[PDB]
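>
Protein chains in written order, with the numbering used here: chain A, 1 to 264; chain B, 1001 to 1264; chain C, 2001 to 2264.
1. Please confirm whether residue 205 of chain A and residue 31 of chain A have their CB atoms less than 8 Å apart.
2. Any beta carbon from chain B within less than 8 Å of residue 82 of chain A's own beta carbon?
3. Return the CA-CA distance between residue 2081 of chain C and residue 2240 of chain C, expressed in angstroms with no decimal places.
4. Would DSSP call residue 1084 of chain B helix, strand or coil?
5. Given that residue 2204 of chain C touches chain A, what residues does it touch there, using C-beta distances under 7 Å?
6. At a cut of 8 Å, does the stretch 61-68 of chain A reach the stretch 87-95 of chain A through at least three beta carbon pairs?
7. Taking the straight line between their C-alpha atoms, what separation do you get for residue 2226 of chain C and residue 2040 of chain C?
8. Check whether the Cβ atoms of residue 1231 of chain B and residue 1018 of chain B lie closer than 8 Å to each other.
9. Please tell me whether residue 2116 of chain C has its Cβ less than 8 Å away from any Cβ of chain A.
10. Would residue 2182 of chain C pass as an interface residue toward chain A - the criterion being a Cβ-Cβ separation below 8 Å?
11. Using only CA atoms, which one of C/2263, C/2193, C/2171, C/2055 lies nearest to residue 2216 of chain C?
12. With DSSP run on the structure shown, which of helix, strand or coil describes residue 2164 of chain C?
13. For a contact defined as C-beta to C-beta under 9 Å, what are the partners of residue 2090 of chain C on chain A?
14. Note down, one range per segment and in chain order, each alpha helix (DSSP H) of at least 4 residues found wholly within the stretch 2184-2231 of chain C.
15. Using the C-alpha atoms, what's the distance from residue 249 of chain A back to residue 1198 of chain B?
16. What three-state label does DSSP hand residue 117 of chain A in the structure shown?
17. Which same chain residues end up closer than 6 Å to residue 2014 of chain C when comparing Cβ atoms and leaving out the 5 residues on each side of it in sequence?
18. Comparing the C-beta of residue 1254 of chain B with each C-beta of chain C, is any distance below 8 Å?
19. What distance in whole Å lies between the Cβ atoms of residue 51 of chain A and residue 71 of chain A, which are believed to be in contact at a cut-off of 8 Å?
20. Taking the continuous alpha helix (DSSP H) assigned at residue 16 of chain A, which residues delimit it?
21. So, does the stretch 2183-2194 of chain C touch the stretch 176-189 of chain A, judging by three or more C-beta pairs under 8 Å?
22. Are there 16 or more other CB atoms within 10 angstroms of the CB of residue 2191 of chain C, so buried, or fewer, so exposed?
23. Might you give, ordered along the chain, the residues of its own chain that have their beta carbon closer than 8 Å to the beta carbon of residue 59 of chain A, omitting 5 neighbours on each side?
24. Taking contact to mean 3 or more Cβ pairs, one atom from each stretch, closer than 8 Å, check whether the stretch 2124-2138 of chain C and the stretch 2254-2262 of chain C are in contact.
25. Residues of chain C with a CB under 7 Å from the CB of residue 1002 of chain B: which are they?
26. Going by the CB atoms, is the gap between residue 74 of chain A and residue 245 of chain A shorter than 8 Å?
27. What is the rounded straight-line gap between the Cα of residue 99 of chain A and the Cα of residue 84 of chain A?
28. Can you tell me the Cα-Cα spacing of residue 201 of chain A and residue 242 of chain A, whole angstroms?
29. What does residue 1025 of chain B touch in chain A if you count any residue whose Cβ is under 9 Å from its own?
30. Whose C-alpha, out of C/2055, C/2027, C/2264, C/2155, is nearest the C-alpha of residue 2229 of chain C?
31. Pick helix, strand or coil for residue 159 of chain A, following the three-state DSSP scheme.
32. What does residue 1250 of chain B reach in chain C if we use C-beta pairs closer than 8 Å?
33. If you draw a straight line from the alpha carbon of residue 1057 of chain B to that of residue 174 of chain A, how long is it in whole angstroms?
34. Quick one: is residue 1116 of chain B buried, meaning 16 or more other Cβ sit within 10 Å of its Cβ, or exposed?
35. Rounded to whole angstroms, what's the CA-CA distance from residue 2140 of chain C to residue 2154 of chain C? Just pull it up for me.
36. Got a sec: which bits of the stretch 2160-2175 of chain C sit with their beta carbon under 7 Å from any beta carbon on chain A, in order along the chain?
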């Protein structure tokens, strides 16, 4: 009800088209949710996640010991966008090529923001990313792609020597993903070697910079959602309708030695 | 299990006696829980209470609007105390007059701390009390007790003129309670007049300073408990056992004009 | 009962977390138990393993022949470690990132000790390892990884010429494992060649020095356990709890020509 979608001059079919486009774009442009554990929507009443720690505070009086409970607040991210009214009206007339580019742009922006917060951190929201939280030393991606299989093999060894078990996955930036896809060593593609090195999967991650090697055993990275991605309405005009894409979330990292970062 | 009561050299009967004494003392010395609404124990995993508000924060990037969710953290209060081992051992021998004075002192201290936090506030825990949160102007208790019925009648009128309804209750400090109990006007006790003025009850509140006139309709004052009063064990010796009384709580005031403070 | 875990100030959830971490780390860091035959726990009353041989001794008197029965005693290995009490207490408050690094370190130390005893021997315990017990001549690992497939093929031939049958497995040190994983010959990875040479499996063995080629038909290597890995409690303080990881075991090698050692 807080979305006020009933006040928007948008028909049911137009809403369905917009939602389909947004879902497709967000699914295509998101990679963090494919590795970390998602704590599903807890409702609009959720404002923070309890960590279970205690913080020393001044006692209310003599002879009393006081401790505050520690919690991490959620953050709400809102990406506004605008949709032309003629495109909405053409849907009911059988139009199959309505312009939903703003929806795609908003979905891409929200997905990139979420991925960067998960992996690179968001200081204002008190989110420490996987890269900063990792304790394993960071490796460097080689200049030539033919050496990528070696470095990924060095990281895995680290994860094995730290006691971290379970399937291992590699998240590669767009440039690194393309380089690995097209590179061959004496005619032998290097993807067929990385696929054998890694028993998990290679993930298309267009939002990160370098590469990440993580252990997907479970219980190391938790994305807490208070509210999942939702589309709402602000106002409209004789020509345009103003909507927004919204999400309330936070990220927590528990295991520091379950990730290795390969810098560019 | 976190109380570690199984490691203490205390028998079941001694535990029962200690708990009975603590419960009696805390019930006798507490007055805040008789007026405000208690949100019962939510378990050890509760660290904060969501308020439903939003705080502006710096956006993660251009074209995005960010808001943090606001929450009030809980605070844990711990009052340690010590019990002699001979008194514990005498319980199994049929002793009916074991020394539980430390338990009573700890219970009184915890109850007074909780009452003062509810009514006078606790800045370090971000708790704003009923007195500071109230918007109605504060009245002054008269020098002579015979005029107390008039001032209480002035406060009620205020509560009526602000639109606040429901039963009205008066919390009186120990000195004011005794003065009202013993005072008479031309032989007519003033308690029989205050009882007719007030359709709720007169509450013995030995922790507050002056007096409070509140509306007990409901939904104005909320004491959130993460964990109720519990007794735990720290360590022991050949002569003494070290225990503590613990409670995790916070207080929230919603209706500012549902209370009037009568200063001493 | 001899572990005295009931005296420890540790809750059930903390015990579960500690045991889970220890099991994960030990499973990740152990390789001997994946090849040899494990004679399961026989109970605390087991003190030695009978070999079935006889030792000449001085007769008690004229006209009598005396022989002592030969047995190999078990050895108990204990690795103490310490855990902070605040981390234990945070588990009941919903903490998901408690510090169990000491448990991981103890598990790694115990696993490495057991692996080195199985493969390199432990003279004080009268344990002769696989390397010293082997009768086949030891080969040398080549300087360049591209020649590793050849040497492993030389060892297998030896095992075939000695009459040893059954699946063959290769245990590689961490360095050799990584080298084999990353090395390629004219773009063709050498793992795809070693996997075809060997009909068993390639085992990650971070405790051994060079490499081992063994026959896993069965009945050649026996790890006798009197008591499996178990966690016990020694004492505690106001800040820390002292625990230990314990195991009673011995190792026996029967077939001398069922193993080949490739030195670094």
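In this text, a Cβ means the ideal position worked out from N, Cα and C, and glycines have one as well.
Straight from the coordinates:
1. Taking the first chain and counting its residues from 1, the one referred to as residue 205 of chain A is at position 205. Taking the first chain and counting its residues from 1, the one referred to as residue 31 of chain A is at position 31. It is a contact, given that the beta carbons lie within the stated cut-off.
2. As a working note, residue 82 of chain A is residue 82 in the first chain. Not one chain B Cβ lies under 8 Å of residue 82 of chain A.
3. Residue mapping note: residue 2081 of chain C aligns to position 81 of the third chain, counting from 1. Residue mapping note: residue 2240 of chain C aligns to position 240 of the third chain, counting from 1. When rounded, the distance between both Cα atoms is 10 Å.
4. Your numbering for residue 1084 of chain B matches position 84 in the second chain. Residue state, collapsed to three classes: strand.
5. Here residue 2204 of chain C refers to the residue found at position 204 when the third chain is read from its first residue. Those are 160, listed as they occur along chain A.
6. no
7. Here residue 2226 of chain C corresponds to residue number 226 of the third chain, with the count starting at 1. Here residue 2040 of chain C corresponds to residue number 40 of the third chain, with the count starting at 1. Rounded to whole angstroms, residue 2226 of chain C to residue 2040 of chain C spans 7 Å at the Cα level.
8. Sequence index remark: in the second chain, residue 1231 of chain B carries index 231 (1-based). Sequence index remark: in the second chain, residue 1018 of chain B carries index 18 (1-based). Contact: yes.
9. To locate residue 2116 of chain C, count along the third chain from 1; it is residue 116. For residue 2116 of chain C, the answer is no, since every Cβ of chain A falls outside 8 Å of its Cβ.
10. Position 182 of the third chain, counting from 1, holds the residue named residue 2182 of chain C. Judged by the 8 Å Cβ criterion, residue 2182 of chain C is in contact with chain A.
11. Locating residue 2216 of chain C in the third chain gives position 216, counting from the first residue. Of C/2263, C/2193, C/2171, C/2055, the residue nearest in Cα terms is C/2171.
12. Position 164 of the third chain, counted from the first residue, corresponds to residue 2164 of chain C. Three-state result, residue 2164 of chain C: coil.
13. Within the third chain, residue 2090 of chain C is the residue found at index 90, counting from 1. Going along chain A in sequence order, the residues near residue 2090 of chain C (Cβ under 9 Å) are 51, 52, 53, 54.
14. 2191-2197
15. Here residue 1198 of chain B is taken as the residue at index 198 of the second chain, counted from 1. Here residue 249 of chain A is taken as the residue at index 249 of the first chain, counted from 1. Looking at the two C-alpha atoms, the distance is approximately 49 Å.
16. Position 117 of the first chain holds residue 117 of chain A. Three-state result, residue 117 of chain A: helix.
17. Locating residue 2014 of chain C in the third chain gives position 14, counting from the first residue. So the qualifying residues of the chain are 2088, 2091.
18. For this step, residue 1254 of chain B is matched to residue 254 along the second chain. No, residue 1254 of chain B lies away from the interface with chain C (no Cβ there is under 8 Å from its Cβ).
19. Along the first chain, one-based indexing puts residue 71 of chain A at 71. Along the first chain, one-based indexing puts residue 51 of chain A at 51. Rounded, the Cβ-Cβ distance is 6 Å, consistent with contact.
20. Locating residue 16 of chain A in the first chain gives position 16, counting from the first residue. Taken as a continuous stretch (DSSP letters only), the alpha helix (DSSP H) holding residue 16 of chain A covers 12-29.
21. yes
22. Numbered from 1 along the third chain, position 191 holds the residue referred to as residue 2191 of chain C. The residue in question, residue 2191 of chain C, is buried, as its Cβ has 16 or more Cβ neighbours within 10 Å.
23. Locating residue 59 of chain A in the first chain gives position 59, where the first residue counts as 1. Correct list, in chain order: 65, 66.
24. yes
25. Along the second chain, one-based indexing puts residue 1002 of chain B at 2. Correct list: 2011, 2089, 2092.
26. Here residue 245 of chain A is taken as the residue at index 245 of the first chain, counted from 1. Here residue 74 of chain A is taken as the residue at index 74 of the first chain, counted from 1. In this structure, residue 74 of chain A does not lie closer than 8 Å to residue 245 of chain A by Cβ.
27. Position 99 of the first chain, counting from 1, holds the residue named residue 99 of chain A. Position 84 of the first chain, counting from 1, holds the residue named residue 84 of chain A. Cα to Cα, the separation comes out at about 8 Å.
28. Position 201 of the first chain, counted from the first residue, corresponds to residue 201 of chain A. Position 242 of the first chain, counted from the first residue, corresponds to residue 242 of chain A. Those two C-alpha atoms are separated by around 39 Å.
29. Translated into the one-based positions of the second chain, residue 1025 of chain B becomes position 25. What residue 1025 of chain B touches in chain A: nothing, since even the nearest Cβ is about 15 Å away.
30. The residue labelled residue 2229 of chain C in the question sits at position 229 within the third chain. Of the candidates C/2055, C/2027, C/2264, C/2155, the one whose C-alpha sits nearest the C-alpha of residue 2229 of chain C is C/2027.
31. Residue numbering aside, residue 159 of chain A sits at position 159 when the first chain is read from its first letter. Reduced to three states, the DSSP call for residue 159 of chain A is helix.
32. Taking the second chain and counting its residues from 1, one reaches residue 1250 of chain B at position 250. Going along chain C, no residue has its Cβ under 8 Å from residue 1250 of chain B, so there is no contact; the nearest lies around 15 Å.
33. In the second chain, residue 1057 of chain B corresponds to position 57, counting from 1. In the first chain, residue 174 of chain A corresponds to position 174, counting from 1. Each residue's Cα considered, the two are about 30 Å apart.
34. Residue 1116 of chain B sits at position 116 when you count from the first residue of the second chain. Counting Cβ neighbours within 10 Å, residue 1116 of chain B comes out buried, since at least 16 surround it.
35. Counted from its first residue, the third chain places residue 2140 of chain C at position 140. Counted from its first residue, the third chain places residue 2154 of chain C at position 154. Going from the Cα of residue 2140 of chain C to the Cα of residue 2154 of chain C covers about 11 Å.
36. 2174
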